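To start, the structure under review is shown below, and the notes come after it.
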Amino acid sequence: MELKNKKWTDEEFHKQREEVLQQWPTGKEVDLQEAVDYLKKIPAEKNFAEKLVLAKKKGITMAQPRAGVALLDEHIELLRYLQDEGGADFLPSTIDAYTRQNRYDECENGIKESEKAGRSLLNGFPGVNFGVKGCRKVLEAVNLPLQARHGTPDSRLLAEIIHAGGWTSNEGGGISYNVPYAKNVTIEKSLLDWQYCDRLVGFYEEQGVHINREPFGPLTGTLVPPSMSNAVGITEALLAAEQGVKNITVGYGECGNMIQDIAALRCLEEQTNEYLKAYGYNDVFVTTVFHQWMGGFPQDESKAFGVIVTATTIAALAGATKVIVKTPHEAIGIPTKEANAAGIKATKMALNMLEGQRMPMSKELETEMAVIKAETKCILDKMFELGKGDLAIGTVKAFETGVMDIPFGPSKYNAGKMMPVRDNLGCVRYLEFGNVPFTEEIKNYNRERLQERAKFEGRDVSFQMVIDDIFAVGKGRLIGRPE
Amino acid sequence: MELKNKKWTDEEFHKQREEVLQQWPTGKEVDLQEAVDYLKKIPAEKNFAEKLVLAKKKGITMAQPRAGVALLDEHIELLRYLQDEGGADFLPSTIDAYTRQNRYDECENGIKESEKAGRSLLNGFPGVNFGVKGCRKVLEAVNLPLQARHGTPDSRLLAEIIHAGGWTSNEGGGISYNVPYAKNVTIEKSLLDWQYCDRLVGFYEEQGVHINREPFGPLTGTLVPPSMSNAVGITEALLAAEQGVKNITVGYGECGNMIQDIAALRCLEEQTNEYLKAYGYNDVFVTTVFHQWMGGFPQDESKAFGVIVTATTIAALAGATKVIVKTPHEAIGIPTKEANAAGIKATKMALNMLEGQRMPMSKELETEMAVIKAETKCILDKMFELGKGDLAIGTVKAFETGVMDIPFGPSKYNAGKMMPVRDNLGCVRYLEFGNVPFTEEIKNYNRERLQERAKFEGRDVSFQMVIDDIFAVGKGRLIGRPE
Amino acid sequence: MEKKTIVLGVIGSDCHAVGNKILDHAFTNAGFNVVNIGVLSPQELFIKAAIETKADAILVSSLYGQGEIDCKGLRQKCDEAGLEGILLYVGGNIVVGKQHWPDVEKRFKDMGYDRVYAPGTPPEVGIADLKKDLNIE
Amino acid sequence: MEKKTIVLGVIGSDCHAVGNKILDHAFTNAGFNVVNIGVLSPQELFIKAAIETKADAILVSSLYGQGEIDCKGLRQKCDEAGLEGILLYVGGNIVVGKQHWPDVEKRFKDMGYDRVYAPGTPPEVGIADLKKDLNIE
Ligand code: CNC
Ligand code: CNC
């Protein structure tokens with residue numbers, strides 16, 4: 001298929017469907033007619049799109065963990081515990097990493113070995129191997145909406161199965177589930193395959209079935225500047241809306257400075273809505289998700305609660321629709337059900353301790369919002385220019401030319417030139433600009449902020465500071481101050 | 001002695017000292033000449049007053065737990081653990097409640113029972129019984145400054161012993177260590193006995209020995225409106241300054257609405273400094289202490305961290321000089337050394353995750369500060385009027401007339417007429433004014449804020465809402481919503 | 001249900017007052033005549049109020065941790081005072097620290113307490129137990 | 001230290017990349033020739049690199065949890081490729097979840113790994129161990 005930012009026709013999509021369903025035998029379980037009726041029988045309380053509308057209506061932040069294991073009954077018991085003992089508001093099913101490379105052979109071996117060992121040897125739930133039947137068992141066993149959370153460049157078959165499975169949200173996008181997760185997939189290919197995933201949701205919406213989509217904001221989780229993160233999320237929202245998506249949650253990963261983070265989430269929501277309406281998408285319901293600190297965690301569990309709950313406070317005051325919960329096991333391994341419930345309980349307690357509270361506007365907030373919107377607009381403007389009006393083609397070219405560049409992204413299609421680092425108040429800034437297309441004024445502000453850190457620490461800003469910042473939270477603080 | 005707000009003469013003070021030292025045989029261990037030289041040999045790192053100046057200079061919030069047990073060696077091991085494993089910045093010694101009623105016989109029995117039980121049957125360290133010798137053993141065994149934390153209407157002998165003991169701070173005041181802690185002690189008598197405690201620090205400062213004093217801000221810890229709390233602390237700061245105290249930490253107990261709490265602490269510090277200078281006390285170094293949530297905690301330890309770390313975030317953004325740490329055992333019993341270290345670790349992690357960050361000014365913050373300063377001034381103005389310029393006499397008369405009235409205070413000298421409750425955003429407001437001398441404008445603002453809660457909840461504002469608010473945090477949330 | 005008198009207070013050198021107000025309020029609303037001697041109450045005050053008011057029960061609250069010392073001996077003093085068999089309840093946070101609750105409960109029943117309650121006990125539990133023990137449930 | 005060659009990568013379907021960059025930096029700074037094959041690397045790529053560059057050691061990082069599956073069989077493949085006795089190190093977060101470390105260490109040694117490292121291992125520990133094992137301090 002050629003890549004263009006244009007809704008697939010029904011015939012185009014159907015032809016791709018027939019190919020995709022053949023990629024594993026559980027594809028035969030997918031019947032779109034039957035799935036529409038199944039989906040429409042789900043109660044609103046178990047529909048992710050509808051519960052997001054409710055959360056917005058009520059001015060509530062909802063909490064959602066990460067969770068998944070190889071075996072179906074074990075996965076179900078886990079989610080029920082997060083629901084009942086943790087008090088989760090939304091449930092995930094974190095998909096294993098073999099599924100994410102379409103290696104269902106390795107998933108199957110992992111299922112068998114997990115059975116034999118009495119414990120999960122996979123780092124998630126192999127949704128394609130469990131099929132529509134297995135995915136429905138999960139949904140039927142719980143009492144909250146379900147969402148696939150993963151990191152998959154080619155998620156077409158997974159999307160078919162989990163949506164026919166009654167899971168009413170799918171996380172990802174053609175940039176955010178490529179560059180942080182893959183080394184060898186072209187941007188064009190992952191954009192095309194994510195157009196499929198968006199178009200499937202577009203089909204369902206056309207039949208009256210509401211299904212949420214969540215571009216993955218945090219990307220590599222590692223010092224991602226707000227304007228670059230937000231440029232990705234806005235782009236993925238626009239590309240999804242073109243295929244017919246109507247309920248979108250845009251996301252952001254915590255950087256740690258409360259005013260920068262609130263600025264970032266507010267800019268993200270405001271510019272997502274602005275861009276959607278400017279491009280004629282006038283019926284899209286936008287929500288936000290804030291991810292608690294996606295960098296390295298301290299090993300000490302008490303210190304981990306310090307990160308979890310400060311993160312939550314920032315989310316709450318930002319007016320996030322959703323917050324993704326970290327646990328006291330984060331530095332060590334996939335949390336037990338108890339550790340995860342602990343993180344969810346700490347989070348919800350913090351949210352309820354802050355009911356209705358929002359950060360009021362200040363000069364500082366206004367200033368940082370102007371900075372983020374200007375930086376973001378520079379990037380998006382250049383993308384539209386490179387694509388001669390077509391944002392999908394603009395995205396491919398932006399990656400090729402370093403205009404879009406994600407810190408630490410393993411993809412060989414990522415330039416790897418731009419380098420981030422914190423300023424003296426812990427705001428993430430641009431240390432090396434690469435080919436990111438900012439004005440000198442914009443670059444100047446970044447350098448001015450960073451020079452304050454050089455003066456305070458008595459060392460030049462540098463890659464050693466970047467290293468220091470990568471380790472800082474695991475070592476007990478936000479900013480990687482000297483020894 | 002008659003009560004007036006005037007510095008005791010050297011003769012007057014000495015005559016009282018000779019009486020006070022006879023109240024238990026360890027009084028014979030106090031030699032003022034020897035104690036000044038002992039104190040002057042303590043390194044600055046272990047001087048509470050000097051470390052507060054440092055914290056202010058560095059724009060750091062320092063963390064301090066509560067802790068104390070009956071036996072000397074056990075108490076030392078406990079504090080070493082909080083220092084070393086917890087990372088405490090300051091050390092307490094929480095004094096047992098028998099000591100607080102001058103029942104040294106019951107302390108002695110308690111020590112004997114604790115030895116025999118192999119565990120503390122006292123809820124603190126019996127400093128008067130352990131004497132100057134025991135108090136010095138504690139100081140010599142630790143590497144941080146030490147402060148007596150307690151709740152004692154007649155603290156004269158305790159103060160003599162802990163200061164000669166090298167503890168370079170004493171918490172308390174004649175209001176804050178009476179009304180929340182006693183039933184039958186007159187306000188005049190506790191004011192007189194706290195003039196002694198302040199005058200002793202005045203003596204030491206005249207010899208060049210620096211000792212901090214901390215009025216106890218939170219009072220009963222139960223829905224105390226900021227303006228009433230602050231009026232008490234400003235009064236206690238002024239009464240201390242008149243006796244020659246030069247290093248003062250004024251305190252505030254978290255109410256839970258971040259903007260209210262930051263407004264409260266800023267107002268407290270600004271008006272403390274304003275009042276000190278207006279009354280000609282021009283050499284007093286003022287710092288602040290924010291106490292994490294002093295009302296009931298949830299039993300669930302993960303939820304407890306929710307409260308601990310949200311509270312710390314508020315302290316950090318407020319610019320508090322010091323924050324007092326709660327633990328995951330708060331709802332159940334005096335923490336183990338491990339539960340206490342856990343609370344300190346979570347607190348310090350949060351502080352370091354927020355290094356240098358402050359809440360910026362907003363219209364909301366400005367508005368709340370203006371409300372709190374006006375309410376506070378109203379109370380202080382009336383106190384000065386009742387005392388015909390003398391604030392000590394004014395304080396006695398203010399309690400007699402209900403001008404000053406502390407919610408839930410057990411003291412029979414507290415009117416018990418004013419009733420607090422939260423508004424719809426969780427700010428503590430005045431529900432019933434009693435004789436608190438506010439103008440109608442001030443009263444109507446409180447009423448308007450509360451009517452918003454009635455509208456939202458669909459019930460009239462009432463004492464039932466007060467009850468609900470008393471239980472809310474233990475039940476998982478800040479505001480006592482119905483059902 | 002029908003009318004009955006309790007003595008209520010907080011024992012020893014304990015000044016905690018909020019729960020005392022809630023308990024007074026709750027037992028009063030349940031129909032009891034609450035003789036509230038308040039905080040910082042020694043054993044003798046509980047006994048003197050119980051005599052003067054002919055109380056059906058004594059509800060001892062202990063929050064500050066020294067309950068194990070403060071509560072020892074009350075039953076004997078009640079006996080010596082002519083209040084043999086009076087109902088004696090104790091609750092709050094009655095020992096120092098988190099402890100294994102069955103051990104603690106046993107400990108205070110051995111002191112002569114009829115009923116012993118853990119941290120965070122709702123007033124409604126004590127009210128239902130007192131109604132049952134007074135045969136007015 | 002004397003100059004020696006290592007192969008470094010992240011195995012299986014694992015995309016975690018930041019620690020790989022830090023390890024490369026640190027072992028390079030220590031004087032090793034680091035042959036970094038990067039993320040999402042199957043066993044065969046580790047062995048091909050080791051052959052082409054005459055590596056002294058292969059450092060397998062596994063962060064995403066599926067190391068138990070992914071790491072099995074490498075020692076045998078190395079032998080078959082003629083890399084008998086080559087040093088094989090494994091570290092990161094090599095099993096699913098918090099586990100008893102002595103059990104995990106024996107499991108991977110029994111699989112043929114020479115050294116096995118727990119979560120949060122500093123690069124410096126590995127550097128010291130490898131100098132010791134290579135007799136270069
Ligand atoms: C950033 C991050 C992290 N990740 Co991811 C998550 N979420 N993650 C990500 C992002 C990575 C971006 C990228 N491409 O790099 C992101 C969001 C994409 C991601 C994704 C995933 N992650 C996943 C998981 C499970 C994990 N991830 C963690 C590693 C979870 C980490 C949790 C944590 N707090 O540590 C984490 C937060 C921090 C990792 C990091 O960069 N640290 C900084 C780095 C410098 O240190 P390091 O990586 O630990 O490496 C050092 C040491 O381990 C050591 N070392 C490492 N290898 C060796 C080898 C040797 C021989 C030696 C001597 C030393 C070492 O030295 C290194 C350098 O200093 C994890 C521990 C979190 C957890 N507790 O659940 C967990 C592994 C679980 C386990 N082993 O039981 C996912 C399945 C999603 C999920 N369920 O959470 C998914 C899988 C992707 C895939 N295909 O692999
Ligand atoms: C508010 C509070 C609290 N306090 Co003070 C502290 N910090 N405290 C204070 C303040 C009291 C103000 C006042 N005058 O009322 C304040 C700050 C002055 C204070 C002071 C002290 N406190 C002290 C201590 C140790 C304690 N305090 C707590 C009670 C610590 C509490 C910890 C907590 N999270 O619960 C606390 C935070 C909340 C208490 C409260 O009001 N709850 C609300 C109230 C409605 O419920 P409640 O009191 O629990 O009572 C209910 C139930 O227990 C039950 N119930 C109670 N009694 C009975 C009896 C019967 C028969 C029945 C059926 C039911 C009951 O029903 C009640 C009504 O609903 C404590 C559990 C905190 C802790 N974990 O260390 C602890 C007791 C430890 C133990 N038992 O092991 C001090 C020594 C200081 C310190 N080391 O922390 C000091 C002692 C003063 C003294 N002389 O007694």
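From the backbone N, Cα and C atoms, a Cβ is placed for every residue, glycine too.
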Just to be sure I read the record right: A:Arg100, A:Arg149, A:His150, A:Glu171, A:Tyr177, A:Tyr181 are listed as binding L-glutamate in Swiss-Prot. Which of A:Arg17, A:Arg66, A:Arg80, A:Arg119 is listed for the same site? A:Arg66
In Swiss-Prot, the residues A:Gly68, A:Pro180, A:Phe297, A:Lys326, A:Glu330, A:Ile334 are said to bind adenosylcob(III)alamin. Which of A:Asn123, A:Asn129, A:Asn230, A:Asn247 is said to bind at that same site? A:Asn123
Can you list which of these binding-site residues (A:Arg66, A:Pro180, A:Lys326, A:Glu330) have a Cβ closer than 6 Å to ligand 1? A:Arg66, A:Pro180, A:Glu330
Write out, in the order they occur in the sequence, the residues of the chain not among A:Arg66, A:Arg100, A:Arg149, A:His150, A:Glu171, A:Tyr177, A:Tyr181 that have a C-beta within 8 Å of the mean position of the C-beta atoms of the recorded L-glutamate site. A:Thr94, A:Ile95, A:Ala148, A:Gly151, A:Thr152, A:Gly172, A:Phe216
Contacting chain D at Cβ under 8 Å, from the binding-site residues A:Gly68, A:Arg100, A:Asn123, A:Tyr181, A:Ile334, are A:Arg100, A:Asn123, A:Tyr181, A:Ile334
What are the sequence-distant neighbours of A:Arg100 (L-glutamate binding site), meaning same chain, six or more residues apart, C-beta distance under 8 angstroms? A:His150, A:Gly151, A:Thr152, A:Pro153, A:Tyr181
Roughly how many angstrom lie between the C-alpha atoms of A:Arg149 (L-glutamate binding site) and A:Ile334 (adenosylcob(III)alamin binding site)? 15
Please report how many Å separate the Cα atom of A:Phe297 (adenosylcob(III)alamin binding site) from that of A:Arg66 (L-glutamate binding site), as a whole number. 16
Most Cβ neighbours within 10 Å, among the binding-site residues A:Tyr177, A:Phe297, goes to A:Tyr177
Once near-sequence residues are set aside, which residues in the chain of A:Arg66 (L-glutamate binding site), 6 or more away, have Cβ atoms under 8 Å from its Cβ? A:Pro92, A:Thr94, A:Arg149, A:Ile324, A:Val325, A:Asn340
Using a Cβ-Cβ cut-off under 8 angstroms and a sequence gap of six or more, which residues of the chain neighbour A:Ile334 (adenosylcob(III)alamin binding site)? A:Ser120, A:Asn123
Provide, as an integer number of angstrom, the distance between the C-alpha atoms of A:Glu330 (adenosylcob(III)alamin binding site) and A:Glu171 (L-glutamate binding site). 21
Near A:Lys326 (adenosylcob(III)alamin binding site), which residues of its chain come within a Cβ-Cβ distance under 8 Å, counting only those 6 or more away in sequence? A:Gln292, A:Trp293, A:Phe297, A:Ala304, A:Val307, A:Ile308, A:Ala311, A:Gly343
Taking 10 A as the limit, how many CB atoms besides its own sit near the CB of A:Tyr181 (L-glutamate binding site)? 29
